[PDB]
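Asks: Before I ask anything, let me first share the structure, which is written out below as structure tokens.
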2 protein chains.
Amino acid sequence: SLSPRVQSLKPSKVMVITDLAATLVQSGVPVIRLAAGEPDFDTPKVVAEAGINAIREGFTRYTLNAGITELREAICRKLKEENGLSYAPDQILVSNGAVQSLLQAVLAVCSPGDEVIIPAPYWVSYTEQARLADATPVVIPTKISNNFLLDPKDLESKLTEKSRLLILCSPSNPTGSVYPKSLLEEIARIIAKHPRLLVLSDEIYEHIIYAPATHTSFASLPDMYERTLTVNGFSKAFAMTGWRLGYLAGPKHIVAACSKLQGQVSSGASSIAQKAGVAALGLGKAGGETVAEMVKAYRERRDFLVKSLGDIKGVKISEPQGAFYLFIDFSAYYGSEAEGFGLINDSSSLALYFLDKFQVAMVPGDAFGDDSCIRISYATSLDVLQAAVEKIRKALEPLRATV
Amino acid sequence: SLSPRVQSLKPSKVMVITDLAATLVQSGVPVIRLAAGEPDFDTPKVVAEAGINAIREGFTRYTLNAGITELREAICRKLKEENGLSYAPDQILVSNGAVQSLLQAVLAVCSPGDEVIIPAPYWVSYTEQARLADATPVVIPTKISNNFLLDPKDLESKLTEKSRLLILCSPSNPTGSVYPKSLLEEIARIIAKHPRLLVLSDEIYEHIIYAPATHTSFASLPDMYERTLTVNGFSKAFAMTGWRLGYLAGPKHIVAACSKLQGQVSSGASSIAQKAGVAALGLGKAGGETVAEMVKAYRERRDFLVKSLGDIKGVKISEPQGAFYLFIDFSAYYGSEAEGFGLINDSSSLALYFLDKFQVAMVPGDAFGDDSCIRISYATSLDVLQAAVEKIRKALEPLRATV
């Protein structure tokens, strides 16, 4: 009655839980919302004003399929100034959010049966998008003791003649890990020996990064420009969640194919959002002081959460180097019997315990391929995080941690 | 090097030609743009103001995946008041334009090898979206002498055990034809005898309709509610081209599957556009006097073009009953030798002659499955249409029409 690919598709637990918490709040049940990673900043003033001006001036008509020229040119300038990458404007495809940019890249390059190599913990949609292409996800687990970074030995062990695409998210959602240049250079030398292997570099969290970590675009590495699909966007750095503006930069032939696909599925961004994007890039390098305030706020929220929760017996934390998520290992608590709730034995039941009994919404690690952890978004206020920490502490107090 | 499905996908000639004409104008070459069907009205004042207010009030955060509640509820009210259809709010899925709504419906219901029945002339993307599902387009030509309406005898002759989805666009792009209720009732009786057969009713041009023609939603017909996927949207009726807001209404199980897919591909509409959509539906039944002005303008433009071009020797016109396209049969001119250009022998060469030699951009009928015609959009000013008619007349004057 439904197609196999849509029938077998897993729902996004980020969307399910975020929507559920929003619905609970509306019903009159307060919930601390730490699920979807949503900046609590407004869209910056000059960006919002560019969107308003676009409406006031009637910029509501047809726009070039791949994105307005002024936006693609500004994106090329950003990729050179910030990332050291040289793209022509027809190597940029602007879409309705970076998730659409990612999907079109996967659909364009993966043939049925190709393997898509996905390090876990992975962002929730990577495996499902591979399946939508009729491709095979090949998941490579990573370890909290190695800061959830891909071990190149494990990559070597999973390569086959069918390997087609490696997805690298850095800074990572959900772990907040940042790939150091030296490790990226080692991975690139592996990629270079396999002529069919492409890399999807998901860089949307680029500017949400905590020194001394630094961001290295994969396409800047030796021999990698011609095999890298660079995905970036506006939602996270510029608090543009609801505007929907992302982009792909890559080899001309692949971008041309993604653009042809976009023209037949009408996946473009709104004319209003595109004008707002031009203004966001006009804030200068890395978003200037506007984005710097955000990064400073996220860092102080990170520090508060890591200190507060790292003190709890049994908890294991990889201190994140970017993004605004903690991927916290509460697995020592699995097996606990919570009076009034029941057995807590996996990430789903632990997350449900926090939600149903303490009204704190988080996303279980199984959604990201690692049942040992729970993802907490900290793109919310310090007052809210303080309230959440008190509840998490009280929730774990009557339980027990294995040693 | 590219996936078979993306490699074999045809580019949209509407997008290619519209983008080309826009690029020519920018280079300093004036072009009369009659390709993509783009309202020349601004977005209505109260709709634009709702979008501005959404930005000013910070409505830029996460929104429910399937669309904000106030918009889905308003859509349900519209479907009852205007179309006689009863949907619950969780039977509505709001997306980034109606083209995305259509694609997700096709992907959700068509399994590999299923047949998608598509009357020609068809909108440019119907066959390609079927192919993206690994489904087989089954095209059924129609005839200008029957106002480009599906003959049910031809539908009967093309049904097989693999028939899964019939796509009905009414009012039609590209022909402007309107399916009368009696013909829809005959088609529905055919659908009812085949338990696997669903209908995608593309109703985006609903309000652009010229009395005495009237719009009948397919889901209102006997036995059809449970097999109809109703697609509608805001871009055409409300001059919201650049905003990107469409929706699907249908059986709960199918909408739930499309929503699950949307959550993993992030195909939702912007928060700003959704607030604008609420204001558009607040204009009252059929858009009230705001939309009535548009329909009156489009009708007078239709009448001017039909009268002006219908006078030309050899030209054949089906007077459209809705939408804002003329699908004009200039095929009597095929075989003509245009001095300075060459042989004109098909719709592509005729359209190229008009563009290169007279700077009038139109879309060849082959893009819509019927090489006998060329599509002209008349959602532009009367002064521009007068200029276009003079050029078309001069372009055909030295050529010859078979009899």
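Just so you know, the numbers here start at 1 and follow the chain as drawn.
Going by what the header records, the deposited coordinates were determined by X-ray crystallography, 1.4 Å.
Backbone N, Cα and C define each Cβ position, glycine as well.
Copying in the features that Swiss-Prot gives for the protein in this structure:
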type	residues	note
BINDING	A:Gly37, A:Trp123, A:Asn173, A:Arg375	L-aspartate binding site
MOD_RES	A:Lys236	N6-(pyridoxal phosphate)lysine
Asks: Report, in sequence order, every one of the binding-site residues (A:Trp123, A:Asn173, A:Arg375) having a CB within less than 8 angstroms of a CB belonging to chain B; if no such residue exists, report 'none'.
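Replies: Nothing passes the 8 Å Cβ test.
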Asks: Let me know the most crowded of the recorded positions, choosing from A:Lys236, A:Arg375 and counting other Cβ atoms within 10 Å.
Replies: A:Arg375
Asks: Which value in Å gives the longest Cα to Cα span across the L-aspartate site residues A:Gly37, A:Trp123, A:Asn173, A:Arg375 as recorded?
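Replies: With A:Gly37, A:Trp123, A:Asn173, A:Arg375 as the binding residues for L-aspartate, the largest Cα distance is 12 Å.
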Asks: Among all protein chains shown, how many Cβ atoms are found within 10 Å of the Cβ of A:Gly37 (L-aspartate binding site), not counting that one?
Replies: 25
Asks: Whose Cβ lies within 8 Å of the mean position of the Cβ atoms of A:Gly37, A:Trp123, A:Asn173, A:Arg375, the L-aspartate site, other than those residues?
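Replies: Those within range, site residues removed, are A:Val14, A:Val124, A:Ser172, A:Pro174, A:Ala323, A:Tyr325, A:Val363, A:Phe368, A:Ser377.
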Asks: Taking the Cβ of A:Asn173 (L-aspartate binding site) as reference, which residues of that chain separated by at least 6 in sequence fall under 8 Å from it?
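Replies: Correct list: A:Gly37, A:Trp123, A:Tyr205, A:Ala323, A:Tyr325.
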Asks: Neighbour count, 10 Å Cβ-Cβ cut-off, for A:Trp123 (L-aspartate binding site): what number do you get?
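Replies: By my count, 23.
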Asks: For A:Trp123 (L-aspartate binding site), just give me the three-state DSSP call.
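Replies: The three-state answer is coil.
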Asks: From the Cα of A:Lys236 (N6-(pyridoxal phosphate)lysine) across to the Cα of A:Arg375 (L-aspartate binding site), what is the distance in angstrom?
Replies: 17
Asks: Indicate whether A:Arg375 (L-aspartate binding site) is helix, strand or coil by DSSP.
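Replies: Going by the DSSP assignment, A:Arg375 (L-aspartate binding site) falls within a strand, counted as strand.
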